[PDB]
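A single chain, nothing else alongside it, follows as structure tokens in the form deposited in one PDB entry.
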């Protein structure tokens, strides 16, 4: 289809990269795993703000925590309900962090999504956060020279 995956997007992890310089801080890279989870083609995702994954059962208090993290250029880890193109529900253990350039200025935001069947706690939450934080650090390396 349109927008053949870059090597970055073939990394075998669920992530997106946004560019805050573009209108509504939209997705510029989306991994193949993200595509498969959400059911959008890449051409349907690019240039859109990620909020299209939200729907009726998404907790708006949780969404505001993400908005505040982006505004304060800082990391956050939350869990929220998201929906596929066909309106299918999933829990999203989500981690955001900025990617900084060699002057320390925010160049991109990196988002890592761990989909699940339920809100997680205790060991499942800890193991999930371990995985998405390690992934985010990996994408910080992978995205630095884009």
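Numbering follows the first chain given and starts at 1.
Another form exists, deposited with a partner chain bound; not displayed. Remarks below refer to it.
Asker: Would residue 100 sit within 4.5 Å of its partner chain in the entry with it bound, counting heavy atoms only?
Answerer: It does: once its partner chain is placed as it appears in the entry with it bound, residue 100 has a heavy atom within 4.5 Å of it.
Asker: Taking its partner chain as it sits in the entry with it bound, is residue 130 in contact with it (heavy atom to heavy atom, 4.5 Å or less)?
Answerer: Residue 130 lies outside the contact set for its partner chain.
Asker: Are any of the heavy atoms in residue 27 no more than 4.5 Å from a heavy atom of its partner chain in the entry with it bound?
Answerer: Yes, contact at 4.5 Å.
Asker: Quick check on residue 10: any heavy atom within 4.5 Å of its partner chain in the entry with it bound?
Answerer: No, residue 10 sits far enough from its partner chain in the entry with it bound that none of its heavy atoms falls within 4.5 Å.
Asker: In the entry with it bound, does each residue in the set 112, 125 and 137 place a non-hydrogen atom within 4.5 angstroms of its partner chain?
Answerer: So, no: the whole triplet misses its partner chain.
Asker: Considering its partner chain in the entry with it bound, find the one stretch among 62-70, 100-108, 113-121, 76-84 with heavy atoms no farther than 4.5 Å from it.
Answerer: That would be 100-108.
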